[PDB]
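Colleague: Mind looking over this structure? Questions follow.
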Amino acid sequence: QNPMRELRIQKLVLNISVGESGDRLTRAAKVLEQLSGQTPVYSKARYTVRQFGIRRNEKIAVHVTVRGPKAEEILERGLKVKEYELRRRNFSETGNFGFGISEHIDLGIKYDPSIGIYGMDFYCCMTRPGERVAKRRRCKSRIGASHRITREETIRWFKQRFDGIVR
Amino acid sequence: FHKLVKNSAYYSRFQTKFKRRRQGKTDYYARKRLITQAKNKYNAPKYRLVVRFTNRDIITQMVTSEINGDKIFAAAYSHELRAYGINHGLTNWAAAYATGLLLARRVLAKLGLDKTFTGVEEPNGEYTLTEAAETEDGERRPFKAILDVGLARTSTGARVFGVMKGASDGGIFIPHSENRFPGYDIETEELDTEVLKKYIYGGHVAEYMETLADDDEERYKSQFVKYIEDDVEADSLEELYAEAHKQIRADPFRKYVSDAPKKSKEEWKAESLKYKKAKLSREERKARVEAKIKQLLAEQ
Amino acid sequence: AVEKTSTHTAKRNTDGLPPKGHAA
Amino acid sequence: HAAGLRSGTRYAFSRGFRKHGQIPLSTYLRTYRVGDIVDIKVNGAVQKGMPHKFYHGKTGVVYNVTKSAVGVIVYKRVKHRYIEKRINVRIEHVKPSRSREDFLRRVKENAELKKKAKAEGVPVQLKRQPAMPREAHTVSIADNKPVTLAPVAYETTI
RNA sequence: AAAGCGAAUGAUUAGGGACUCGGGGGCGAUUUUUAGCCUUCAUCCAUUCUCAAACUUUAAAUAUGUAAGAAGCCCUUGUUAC
RNA sequence: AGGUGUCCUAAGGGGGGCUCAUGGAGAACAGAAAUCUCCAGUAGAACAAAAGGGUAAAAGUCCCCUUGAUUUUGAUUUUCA
RNA sequence: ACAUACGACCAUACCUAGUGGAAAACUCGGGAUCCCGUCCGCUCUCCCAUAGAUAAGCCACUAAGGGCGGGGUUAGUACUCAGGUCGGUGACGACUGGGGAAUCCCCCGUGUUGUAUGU
């Protein structure tokens with residue numbers, strides 16, 4: 001019996017880690033603005049390391065989150081680049097998955113020389129309906145054993161919906 | 001590989017928190033300050049106005065604290081406005097403002113002060129507090145109570161302040177300020193005193209009804225199903241809500257019957273017991289364990 | 001155009017690279 | 001060698017084991033009046049209005065009541081004389097004492113025994129008295145017969 | 001004081017089971033980027049031999065605070081700017 | 001066995017949202033370590049400094065506003081006559 | 001008896017795994033003009049109580065479960081207060097009059113209750 005346990009897309013989170021401060025961030029931020037439609041966020045280097053050449057509290061990366069039909073269509077563009085094929089090792093034991101691309105214009109952005117070329121990281125998180133119980137402020141609790149997702153379901157769900165393949 | 005954190009030792013050293021904090025219903029850091037009474041005064045009680053919100057109801061109570069549990073002075077549920085002529089929109093400002101007014105007049109009649117402390121009798125978007133009234137050579141300070149918002153969030157325009165406003169109009173002296181009422185502009189730091197009055201008579205939902213019916217027809221009928229069924233239009237809400245005020249202030253004691261099955265309390269007790277489950281005795285537990293041993297050997 | 005507030009805490013007044021000591 | 005206000009209070013002012021965090025709220029609902037018999041017991045988690053380590057365990061009489069504190073009278077023993085100290089303590093460190101509770105219980109029964117006995121006509125025998133030696137009685141050996149014992153020989157256990 | 005470490009912190013002796021990609025030394029074509037056969041450390045799990053003035057879930061004996069009323073207990077009702 | 005002759009307009013005061021160190025599993029360059037995500041996580045982190053006590057919708061952490069670090073004299077506590 | 005709201009003692013109530021839930025209550029749920037707040041109506045806030053479901057939360061039962069609470073055994077043992085022209089070269093020990101613990105190990109149990117409204 002599965003009356004209402006159909007998976008959905010809570011959100012899609014994507015990030016770019018250039019690894020060095022300066023105007024590269026500002027132009028990289030502009031990329032996310034045109035792609036998503038929202039305004040992005042700046043991170044802060046937690047631990048300084050001379051080797052990589054980064055100091056603490058120095059912005060080095062950007063990311064944005066999307067939910068709803070926008071998330072669906074952005075995910076669809078990404079998978080079209082990846083040829084509707086993923087590796088079996090891209091799925092967590094808890095039910096999540098993600099991947100990455102190499103050059104940001106495998107989809108349509110109509111390259112301009114005044115920006116450059118970048119790469120993006122996609123990570124997509126599943127869930128079952130009814131997870132407010134673990135995020136509401138009053139009378140919080142943990143979802144029961146039976147009602148949590150494991151790795152075999154998500155790959156099963158992914159294969160049928162997109163008619164993909166895993167190696 | 002990795003040392004197991006959740007070992008037996010971990011359990012033995014684990015300390016659990018209060019029962020109601022585990023369930024997530026009480027803020028003891030705040031409860032401590034609502035109930036303590038300055039020791040100069042010995043037995044003068046502290047009166048709390050508690051407000052809770054379910055999906056389909058609003059709960060309002062008047063409580064005093066005691067060393068073995070709280071004591072309930074007077075309770076006023078939202079769902080008892082059926083007798084007063086309301087059947088729709090049970091969780092609006094009007095619903096909140098009404099049940100707050102109900103409880104205020106309910107407690108005064110119980111304590112014997114209904115004739116005095118009239119209140120306002122005609123709601124207005126003004127910021128006023130209950131002042132003492134000269135009577136038969138005596139200056140009698142009004143009743144005092146304090147608000148307990150619980151775990152809710154106190155932002156500008158929440159319903160918790162609605163019930164609070166209703167009690168203040170009833171005649172209870174609730175100390176507060178007008179910096180959180182719907183219609184206060186932080187940039188100009190002054191009220192508008194007419195958007196407020198719309199919120200006591202329900203106009204903010206009436207505008208939604210007419211606006212939605214104009215633009216999106218299918219959504220309008222799908223949301224206001226029962227409003228249409230009982231043919232209550234947007235222009236009648238003010239008269240409906242104003243009319244409720246008259247009966248409720250006239251008498252706050254009419255009791256109605258609902259559509260749930262009803263019986264005597266003894267009858268229910270017999271009904272409930274049948275579905276109970278009986279624990280196992282030691283001999284049964286030992287016998288079943290004995291059987292399990294034989295079964296496993298038989299499987300081998 | 002907004003700055004994320006890191007949850008992680010660090011010693012109030014220290015200027016140290018992360019102490020690891022493991023692997024190379 | 002130093003002498004501070006909390007010297008050597010490592011184990012006294014500590015909270016117990018598996019007793020940390022929230023203070024049970026029933027402490028704040030008690031009431032006190034002058035002449036009550038209270039006893040001091042400090043709580044480590046509250047740093048305001050706490051008494052010196054000497055009064056941790058003493059018993060005294062309330063003499064003043066204030067917003068969140070009471071004044072207690074206790075007797076200190078300096079060399080060859082006693083002195084009466086007046087300290088201010090927060091109610092989180094105090095507790096009503098059961099020292100006189102037995103006396104109050106006993107006086108009530110004494111009054112009513114005397115009243116009831118006067119109406120009937122028999123003397124009272126009300127004041128208590130220590131434990132007197134036992135009285136004679138008989139012990140039967142029917143269905144209980146004695147068993148003979150004897151010391152046991154020596155042997156090594158390890 | 002005693003007691004305890006198959007209980008937290010700290011010290012400390014020894015086998016066994018599980019694992020190889022954690023390190024090292026071999027073998028099967030040193031083939032070896034073969035989750036092969038050996039094994040030597042290292043790591044987890046159930047056990048085992050000893051300890052703590054500045055360690056502890058427990059916890060004495062001897063000493064220590066208060067009380068055992070007539071200035072007490074119960075009943076009714078006058079004063080006040082709290 | 002150790003520590004003091006300092007430091008702070010916030011590192012004081014009030015209010016409000018959040019939870020830590022660390023481990024498991026994943027994601028282009030990225031690797032032992034940079035950034036993002038889920039789960040577990042009784043304090044094993046943090047609280048200017050020596051050591052001890054205390055703290056989890058906080059006493060930590062981020063955000064908003066302020067100067068109770070103000071005026072007038074008295075009572076009490078530890079060292080103690 | 002059961003549910004909700006506010007509580008008292010603060011694990012006999014916690015953590016892991018598996019099954020069932022009459023009535024109502026509770027919950028997930030549906031939408032984003034207005035009040036309000038976010039990178040994102042995720043959280044917070046507003047509105048509808050129609051429709052769908054007990055999948056989860058919640059309640060109950062089960063496990064020679066971990067832990068926890070009570071008791072027995074360890075034991076009149078270890079220890080300690082007072083005494084002797086007691087033993088022994090010493091280390092230390094026995095006796096007389098009294099007080100008297102703690103592990104390992106064994107057995108049982110798995111919340112009790114106040115105020116108000118309603119099933």
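By convention in this document, the chains of the structure tokens carry letters A, B, ... by their order, each chain's residues are numbered from 1, and ligands are numbered from 1 in the order they are shown.
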Quick one: everything within 8 Å of residue 17 of chain C, counting only C-alpha atoms (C1' of nucleotides), minus sequence neighbours fewer than 3 positions away in the same chain. Send it as a ChimeraX atom specification.

Modeller: /A:47-49

Colleague: Check which residues of chain F sit at most 10 Å from chain C using only C-alpha atoms (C1' of nucleotides), and return one row each with the closest pair of atoms and their distance in Å to one decimal, ordered by chain and rising number, as a Markdown table.

Modeller:
| residue | atom | partner | partner_atom | distance |
| --- | --- | --- | --- | --- |
| F:18 | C1' | C:7 | CA | 8.6 |
| F:19 | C1' | C:7 | CA | 8.0 |
| F:20 | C1' | C:9 | CA | 7.6 |
| F:21 | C1' | C:9 | CA | 9.1 |
| F:32 | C1' | C:23 | CA | 5.0 |
| F:33 | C1' | C:20 | CA | 8.3 |
| F:45 | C1' | C:9 | CA | 7.9 |
| F:46 | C1' | C:11 | CA | 7.2 |
| F:47 | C1' | C:12 | CA | 9.3 |
| F:48 | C1' | C:13 | CA | 8.4 |
| F:60 | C1' | C:9 | CA | 9.1 |
| F:61 | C1' | C:9 | CA | 7.7 |
| F:62 | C1' | C:5 | CA | 7.1 |

Colleague: Would you please work out which residue, of G:53, G:6, G:59, G:46, is nearest to chain A when using only C-alpha atoms (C1' of nucleotides)?

Modeller: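 Counting only C-alpha atoms (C1' of nucleotides), the residue closest to chain A is G:53.
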
Colleague: When you look at residue 30 of chain G with a cut-off of 10 Å (counting only C-alpha atoms (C1' of nucleotides)), what residues show up, excluding the ones that are within fewer than 2 positions of it in the same chain? I need them as a ChimeraX atom specification.

Modeller: /B:222-223 /G:48,50-51

Colleague: Return the neighbours of chain D among the residues of chain G, cut-off 10 Å, counting only C-alpha atoms (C1' of nucleotides), as a list in words.

Modeller: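 Output check: residues 8, 9 and 10 of chain G.
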
Colleague: If you keep C-alpha atoms (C1' of nucleotides), can you produce a file of those selected residues as a PDB file, in the first residue's frame?

Modeller:
ATOM      1  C1'   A G   8       3.724  18.843  38.842  1.00  0.00           C
ATOM      2  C1'   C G   9       7.553  14.798  39.874  1.00  0.00           C
ATOM      3  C1'   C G  10      11.733  15.194  35.781  1.00  0.00           C
TER       4        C G  10
END

Colleague: Between atom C1' of residue 42 of chain G and atom CA of residue 204 of chain B, what is the distance, to one decimal in Å?

Modeller: 27.3 Å

Colleague: At what distance in Å, to one decimal, does atom CA of residue 49 of chain D lie from atom CA of residue 20 of chain D?

Modeller: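 Atom CA of residue 49 of chain D lies 20.0 Å from atom CA of residue 20 of chain D.
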
Colleague: Nearest to chain F among A:76, A:131, A:23, A:103, with distances taken over only C-alpha atoms (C1' of nucleotides): which residue is it?

Modeller: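 Once distances to chain F are computed over only C-alpha atoms (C1' of nucleotides), the minimum belongs to A:103.
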
Colleague: Near chain A, meaning an atom within 8 Å, which residues of chain F appear when counting only C-alpha atoms (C1' of nucleotides)? Write them as a list in words.

Modeller: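 The answer, sorted by residue number, is residues 25, 26, 27, 28, 34, 35, 36, 37, 38 and 39 of chain F.
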
Colleague: Okay, now the selection with N, CA, C and O atoms (P, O5', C5', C4', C3', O3' and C1' of nucleotides), as a PDB file, in the first residue's frame?

Modeller:
ATOM      1  P     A F  25      32.249   6.604   4.594  1.00  0.00           P
ATOM      2  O5'   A F  25      30.998   7.121   3.761  1.00  0.00           O
ATOM      3  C5'   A F  25      29.891   6.270   3.511  1.00  0.00           C
ATOM      4  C4'   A F  25      28.817   6.989   2.739  1.00  0.00           C
ATOM      5  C3'   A F  25      29.262   7.641   1.445  1.00  0.00           C
ATOM      6  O3'   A F  25      29.361   6.703   0.389  1.00  0.00           O
ATOM      7  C1'   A F  25      27.871   9.126   2.657  1.00  0.00           C
ATOM      8  P     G F  26      30.201   7.054  -0.928  1.00  0.00           P
ATOM      9  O5'   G F  26      29.221   8.003  -1.740  1.00  0.00           O
ATOM     10  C5'   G F  26      29.723   9.103  -2.473  1.00  0.00           C
ATOM     11  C4'   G F  26      28.630  10.079  -2.808  1.00  0.00           C
ATOM     12  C3'   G F  26      29.040  11.234  -3.700  1.00  0.00           C
ATOM     13  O3'   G F  26      29.085  10.872  -5.065  1.00  0.00           O
ATOM     14  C1'   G F  26      27.820  12.069  -1.872  1.00  0.00           C
ATOM     15  P     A F  27      30.338  11.312  -5.961  1.00  0.00           P
ATOM     16  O5'   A F  27      30.028  12.835  -6.282  1.00  0.00           O
ATOM     17  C5'   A F  27      28.913  13.183  -7.081  1.00  0.00           C
ATOM     18  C4'   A F  27      28.767  14.674  -7.177  1.00  0.00           C
ATOM     19  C3'   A F  27      29.988  15.423  -7.675  1.00  0.00           C
ATOM     20  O3'   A F  27      30.136  15.381  -9.082  1.00  0.00           O
ATOM     21  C1'   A F  27      29.129  16.508  -5.772  1.00  0.00           C
ATOM     22  P     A F  28      31.424  14.676  -9.733  1.00  0.00           P
ATOM     23  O5'   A F  28      32.457  15.866  -9.958  1.00  0.00           O
ATOM     24  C5'   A F  28      32.067  17.053 -10.628  1.00  0.00           C
ATOM     25  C4'   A F  28      33.107  17.489 -11.629  1.00  0.00           C
ATOM     26  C3'   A F  28      34.472  17.851 -11.066  1.00  0.00           C
ATOM     27  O3'   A F  28      35.291  16.709 -10.882  1.00  0.00           O
ATOM     28  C1'   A F  28      33.757  19.522 -12.594  1.00  0.00           C
ATOM     29  P     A F  34      38.281  20.794   2.646  1.00  0.00           P
ATOM     30  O5'   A F  34      38.668  22.161   1.932  1.00  0.00           O
ATOM     31  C5'   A F  34      39.185  23.247   2.691  1.00  0.00           C
ATOM     32  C4'   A F  34      38.887  24.577   2.047  1.00  0.00           C
ATOM     33  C3'   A F  34      37.501  24.699   1.420  1.00  0.00           C
ATOM     34  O3'   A F  34      36.988  26.006   1.655  1.00  0.00           O
ATOM     35  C1'   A F  34      39.158  25.150  -0.207  1.00  0.00           C
ATOM     36  P     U F  35      35.866  26.230   2.781  1.00  0.00           P
ATOM     37  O5'   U F  35      34.495  26.253   1.974  1.00  0.00           O
ATOM     38  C5'   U F  35      34.082  27.413   1.274  1.00  0.00           C
ATOM     39  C4'   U F  35      33.154  27.065   0.141  1.00  0.00           C
ATOM     40  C3'   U F  35      31.898  26.306   0.532  1.00  0.00           C
ATOM     41  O3'   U F  35      30.878  27.149   1.032  1.00  0.00           O
ATOM     42  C1'   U F  35      32.891  25.266  -1.337  1.00  0.00           C
ATOM     43  P     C F  36      29.751  26.556   2.008  1.00  0.00           P
ATOM     44  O5'   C F  36      28.935  25.569   1.064  1.00  0.00           O
ATOM     45  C5'   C F  36      28.015  26.081   0.114  1.00  0.00           C
ATOM     46  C4'   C F  36      27.326  24.977  -0.642  1.00  0.00           C
ATOM     47  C3'   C F  36      26.494  24.016   0.184  1.00  0.00           C
ATOM     48  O3'   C F  36      25.221  24.541   0.509  1.00  0.00           O
ATOM     49  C1'   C F  36      27.822  22.803  -1.358  1.00  0.00           C
ATOM     50  P     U F  37      24.441  24.031   1.815  1.00  0.00           P
ATOM     51  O5'   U F  37      24.091  22.513   1.489  1.00  0.00           O
ATOM     52  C5'   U F  37      23.058  22.194   0.573  1.00  0.00           C
ATOM     53  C4'   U F  37      22.809  20.709   0.501  1.00  0.00           C
ATOM     54  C3'   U F  37      22.490  20.017   1.812  1.00  0.00           C
ATOM     55  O3'   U F  37      21.148  20.211   2.218  1.00  0.00           O
ATOM     56  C1'   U F  37      24.021  18.712   0.561  1.00  0.00           C
ATOM     57  P     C F  38      20.744  20.066   3.763  1.00  0.00           P
ATOM     58  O5'   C F  38      20.695  18.497   4.012  1.00  0.00           O
ATOM     59  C5'   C F  38      19.613  17.720   3.525  1.00  0.00           C
ATOM     60  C4'   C F  38      19.862  16.247   3.717  1.00  0.00           C
ATOM     61  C3'   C F  38      19.956  15.781   5.157  1.00  0.00           C
ATOM     62  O3'   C F  38      18.686  15.608   5.756  1.00  0.00           O
ATOM     63  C1'   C F  38      21.711  14.823   3.894  1.00  0.00           C
ATOM     64  P     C F  39      18.516  15.761   7.344  1.00  0.00           P
ATOM     65  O5'   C F  39      19.327  14.522   7.929  1.00  0.00           O
ATOM     66  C5'   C F  39      18.761  13.223   7.913  1.00  0.00           C
ATOM     67  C4'   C F  39      19.738  12.176   8.385  1.00  0.00           C
ATOM     68  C3'   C F  39      20.166  12.258   9.835  1.00  0.00           C
ATOM     69  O3'   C F  39      19.187  11.749  10.723  1.00  0.00           O
ATOM     70  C1'   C F  39      22.056  11.862   8.480  1.00  0.00           C
TER      71        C F  39
END

Colleague: Could you list the residues in chain D lying within 12 Å of chain E, using only C-alpha atoms (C1' of nucleotides), and format the result as a ChimeraX atom specification?

Modeller: /D:16-18,37-40,54-61,74-77,97-112,127-128

Colleague: Keeping only N, CA, C and O atoms, write the selected residues to a file as a tab-separated table (two decimals), in the first residue's frame.

Modeller:
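Contents of again.tsv, as written:
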chain	number	residue	atom	x	y	z
D	16	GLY	N	25.06	17.98	41.24
D	16	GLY	CA	25.28	16.55	41.32
D	16	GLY	C	25.63	15.92	39.99
D	16	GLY	O	26.06	16.60	39.06
D	17	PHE	N	25.46	14.60	39.90
D	17	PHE	CA	25.65	13.88	38.65
D	17	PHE	C	24.28	13.58	38.06
D	17	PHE	O	23.38	13.13	38.77
D	18	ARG	N	24.13	13.84	36.76
D	18	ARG	CA	22.85	13.71	36.06
D	18	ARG	C	21.80	14.65	36.64
D	18	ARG	O	20.60	14.38	36.56
D	37	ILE	N	11.28	28.73	59.99
D	37	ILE	CA	12.55	28.02	60.17
D	37	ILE	C	12.98	27.52	58.80
D	37	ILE	O	12.40	26.56	58.27
D	38	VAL	N	14.01	28.13	58.23
D	38	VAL	CA	14.55	27.73	56.94
D	38	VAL	C	15.98	27.24	57.13
D	38	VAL	O	16.60	27.46	58.16
D	39	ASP	N	16.49	26.56	56.10
D	39	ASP	CA	17.86	26.09	56.09
D	39	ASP	C	18.49	26.35	54.73
D	39	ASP	O	17.82	26.27	53.70
D	40	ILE	N	19.77	26.69	54.74
D	40	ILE	CA	20.45	27.20	53.56
D	40	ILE	C	21.12	26.05	52.82
D	40	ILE	O	21.69	25.15	53.44
D	54	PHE	N	30.52	29.13	54.50
D	54	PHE	CA	30.33	28.70	55.88
D	54	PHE	C	28.89	28.34	56.17
D	54	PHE	O	28.62	27.39	56.92
D	55	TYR	N	27.94	29.06	55.58
D	55	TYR	CA	26.53	28.88	55.88
D	55	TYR	C	25.89	27.78	55.04
D	55	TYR	O	24.67	27.61	55.10
D	56	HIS	N	26.67	27.04	54.27
D	56	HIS	CA	26.13	25.96	53.45
D	56	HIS	C	25.87	24.76	54.34
D	56	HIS	O	26.74	23.90	54.55
D	57	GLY	N	24.66	24.68	54.88
D	57	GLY	CA	24.28	23.56	55.71
D	57	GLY	C	23.70	23.97	57.04
D	57	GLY	O	23.24	23.13	57.81
D	58	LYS	N	23.73	25.27	57.32
D	58	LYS	CA	23.23	25.77	58.59
D	58	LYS	C	21.72	25.98	58.51
D	58	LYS	O	21.10	25.87	57.46
D	59	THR	N	21.13	26.30	59.66
D	59	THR	CA	19.70	26.50	59.79
D	59	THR	C	19.44	27.76	60.59
D	59	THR	O	20.10	28.01	61.60
D	60	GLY	N	18.49	28.57	60.13
D	60	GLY	CA	18.23	29.84	60.78
D	60	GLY	C	16.79	30.29	60.73
D	60	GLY	O	15.91	29.55	60.29
D	61	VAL	N	16.54	31.51	61.18
D	61	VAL	CA	15.19	32.05	61.30
D	61	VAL	C	15.07	33.25	60.37
D	61	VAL	O	15.93	34.14	60.39
D	74	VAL	N	21.48	33.58	61.89
D	74	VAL	CA	22.19	32.37	62.25
D	74	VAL	C	23.27	32.75	63.25
D	74	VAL	O	23.65	33.91	63.38
D	75	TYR	N	23.78	31.74	63.96
D	75	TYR	CA	24.69	31.95	65.08
D	75	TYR	C	26.05	31.37	64.73
D	75	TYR	O	26.17	30.17	64.49
D	76	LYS	N	27.07	32.22	64.71
D	76	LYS	CA	28.43	31.81	64.39
D	76	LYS	C	29.23	31.69	65.68
D	76	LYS	O	29.00	32.42	66.65
D	77	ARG	N	30.18	30.76	65.68
D	77	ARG	CA	30.97	30.47	66.87
D	77	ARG	C	32.41	30.92	66.63
D	77	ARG	O	33.22	30.19	66.06
D	97	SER	N	12.22	24.05	56.35
D	97	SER	CA	12.84	22.97	57.11
D	97	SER	C	11.80	22.19	57.89
D	97	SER	O	10.81	22.74	58.39
D	98	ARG	N	12.04	20.88	58.01
D	98	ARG	CA	11.17	19.97	58.74
D	98	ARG	C	11.64	19.75	60.17
D	98	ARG	O	11.33	18.70	60.75
D	99	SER	N	12.39	20.69	60.74
D	99	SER	CA	12.94	20.48	62.07
D	99	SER	C	11.86	20.56	63.14
D	99	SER	O	11.85	19.77	64.08
D	100	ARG	N	10.95	21.52	63.01
D	100	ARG	CA	9.89	21.71	63.99
D	100	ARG	C	8.60	21.00	63.60
D	100	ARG	O	7.64	21.03	64.37
D	101	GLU	N	8.57	20.36	62.43
D	101	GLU	CA	7.33	19.75	61.96
D	101	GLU	C	6.87	18.64	62.90
D	101	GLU	O	5.67	18.49	63.14
D	102	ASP	N	7.81	17.86	63.43
D	102	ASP	CA	7.44	16.83	64.41
D	102	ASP	C	6.82	17.45	65.65
D	102	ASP	O	5.85	16.92	66.20
D	103	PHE	N	7.37	18.57	66.12
D	103	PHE	CA	6.84	19.23	67.30
D	103	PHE	C	5.41	19.71	67.08
D	103	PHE	O	4.55	19.55	67.95
D	104	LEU	N	5.15	20.30	65.92
D	104	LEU	CA	3.80	20.79	65.63
D	104	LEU	C	2.81	19.64	65.54
D	104	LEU	O	1.68	19.74	66.03
D	105	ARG	N	3.20	18.54	64.89
D	105	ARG	CA	2.32	17.37	64.82
D	105	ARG	C	2.00	16.83	66.21
D	105	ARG	O	0.85	16.49	66.50
D	106	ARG	N	3.01	16.75	67.09
D	106	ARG	CA	2.80	16.15	68.40
D	106	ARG	C	1.92	17.03	69.29
D	106	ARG	O	1.12	16.51	70.07
D	107	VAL	N	2.05	18.35	69.19
D	107	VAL	CA	1.28	19.23	70.06
D	107	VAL	C	-0.21	19.15	69.73
D	107	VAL	O	-1.05	19.25	70.62
D	108	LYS	N	-0.55	18.97	68.45
D	108	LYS	CA	-1.96	18.88	68.07
D	108	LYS	C	-2.61	17.64	68.69
D	108	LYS	O	-3.69	17.74	69.28
D	109	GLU	N	-1.97	16.48	68.56
D	109	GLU	CA	-2.53	15.27	69.16
D	109	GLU	C	-2.60	15.39	70.68
D	109	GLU	O	-3.54	14.90	71.30
D	110	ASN	N	-1.61	16.04	71.29
D	110	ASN	CA	-1.63	16.18	72.74
D	110	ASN	C	-2.85	16.96	73.20
D	110	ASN	O	-3.50	16.59	74.18
D	111	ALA	N	-3.15	18.06	72.52
D	111	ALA	CA	-4.33	18.85	72.87
D	111	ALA	C	-5.60	18.01	72.79
D	111	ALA	O	-6.42	18.02	73.71
D	112	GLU	N	-5.77	17.27	71.69
D	112	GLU	CA	-7.01	16.55	71.48
D	112	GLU	C	-7.12	15.30	72.35
D	112	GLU	O	-8.23	14.95	72.78
D	127	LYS	N	2.91	12.60	77.95
D	127	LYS	CA	4.30	12.90	77.64
D	127	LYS	C	5.07	11.63	77.34
D	127	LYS	O	4.85	10.58	77.95
D	128	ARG	N	5.98	11.72	76.37
D	128	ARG	CA	6.70	10.55	75.88
D	128	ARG	C	7.76	10.11	76.89
D	128	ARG	O	7.96	10.73	77.94

Colleague: Residues of chain E within 7 Å of chain B, using only C-alpha atoms (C1' of nucleotides), as a PyMOL selection string?

Modeller: chain E and resi 7+43-44

Colleague: Determine, counting only C-alpha atoms (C1' of nucleotides), which protein, DNA and RNA residues have an atom within 9 Å of an atom of residue 54 of chain F; residues of the same chain fewer than 2 positions away are not included. Present the result as a PDB file with N, CA, C and O atoms (P, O5', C5', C4', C3', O3' and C1' of nucleotides), in the first residue's frame.

Modeller:
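The resulting out_19.pdb:
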ATOM      1  N   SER D  14      29.267  22.435  43.624  1.00  0.00           N
ATOM      2  CA  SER D  14      28.962  21.722  42.395  1.00  0.00           C
ATOM      3  C   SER D  14      27.537  21.184  42.414  1.00  0.00           C
ATOM      4  O   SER D  14      26.974  20.882  43.469  1.00  0.00           O
ATOM      5  N   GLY D  44      24.798  25.946  42.653  1.00  0.00           N
ATOM      6  CA  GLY D  44      25.951  26.468  41.945  1.00  0.00           C
ATOM      7  C   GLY D  44      25.600  27.226  40.683  1.00  0.00           C
ATOM      8  O   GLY D  44      26.356  28.099  40.251  1.00  0.00           O
ATOM      9  N   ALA D  45      24.455  26.917  40.081  1.00  0.00           N
ATOM     10  CA  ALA D  45      24.118  27.477  38.781  1.00  0.00           C
ATOM     11  C   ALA D  45      23.671  28.928  38.843  1.00  0.00           C
ATOM     12  O   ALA D  45      23.524  29.555  37.790  1.00  0.00           O
ATOM     13  N   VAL D  46      23.449  29.477  40.031  1.00  0.00           N
ATOM     14  CA  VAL D  46      22.984  30.849  40.190  1.00  0.00           C
ATOM     15  C   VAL D  46      24.038  31.625  40.966  1.00  0.00           C
ATOM     16  O   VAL D  46      24.296  31.324  42.136  1.00  0.00           O
ATOM     17  N   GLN D  47      24.627  32.631  40.328  1.00  0.00           N
ATOM     18  CA  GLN D  47      25.746  33.346  40.922  1.00  0.00           C
ATOM     19  C   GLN D  47      25.334  34.602  41.671  1.00  0.00           C
ATOM     20  O   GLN D  47      26.164  35.177  42.381  1.00  0.00           O
TER      21      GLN D  47
ATOM     22  P     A F  59      21.094  33.393  28.222  1.00  0.00           P
ATOM     23  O5'   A F  59      22.638  33.432  28.601  1.00  0.00           O
ATOM     24  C5'   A F  59      23.465  34.533  28.235  1.00  0.00           C
ATOM     25  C4'   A F  59      24.911  34.269  28.576  1.00  0.00           C
ATOM     26  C3'   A F  59      25.610  33.243  27.691  1.00  0.00           C
ATOM     27  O3'   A F  59      27.002  33.546  27.610  1.00  0.00           O
ATOM     28  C1'   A F  59      25.528  32.443  29.913  1.00  0.00           C
TER      29        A F  59
END

Colleague: Write out as a PyMOL selection string all residues of segment 2-135 of chain A that DSSP puts in strand (DSSP E or B) for this structure's backbone.

Modeller: chain A and resi 11-17+41-42+49+54+61-66+85-86+91+97-100+121-125

Colleague: List as JSON lines every residue of chain G that is in contact with chain A, defined as an atom at most 7 Å from one of its atoms (using only C-alpha atoms (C1' of nucleotides)), together with the nearest atom pair and the distance in Å rounded to one decimal, sorted by chain and then rising number.

Modeller:
{"residue": "G:28", "atom": "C1'", "partner": "A:130", "partner_atom": "CA", "distance": 5.8}
{"residue": "G:39", "atom": "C1'", "partner": "A:40", "partner_atom": "CA", "distance": 5.2}
{"residue": "G:40", "atom": "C1'", "partner": "A:66", "partner_atom": "CA", "distance": 5.6}
{"residue": "G:55", "atom": "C1'", "partner": "A:4", "partner_atom": "CA", "distance": 6.3}
{"residue": "G:56", "atom": "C1'", "partner": "A:143", "partner_atom": "CA", "distance": 6.4}
{"residue": "G:57", "atom": "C1'", "partner": "A:133", "partner_atom": "CA", "distance": 6.4}

Colleague: Just to confirm, what's the straight-line distance from atom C1' of residue 96 of chain G to atom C1' of residue 78 of chain G in Å (one decimal)?

Modeller: 20.7 Å

Colleague: Please check the contacts: residues of chain D at most 9 Å away from chain B, using only C-alpha atoms, listed as a PyMOL selection string.

Modeller: chain D and resi 18-22+25-33+65-70

Colleague: Using only C-alpha atoms, which of A:161, A:151, A:56, A:70 sits nearest chain C?

Modeller: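 Nearest to chain C: A:56.
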
Colleague: Write down, as JSON, numbers by chain, each residue of chain F that has any atom within 9 Å of an atom of chain B, counting only C-alpha atoms (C1' of nucleotides).

Modeller: {"F": [23, 41, 42, 57]}
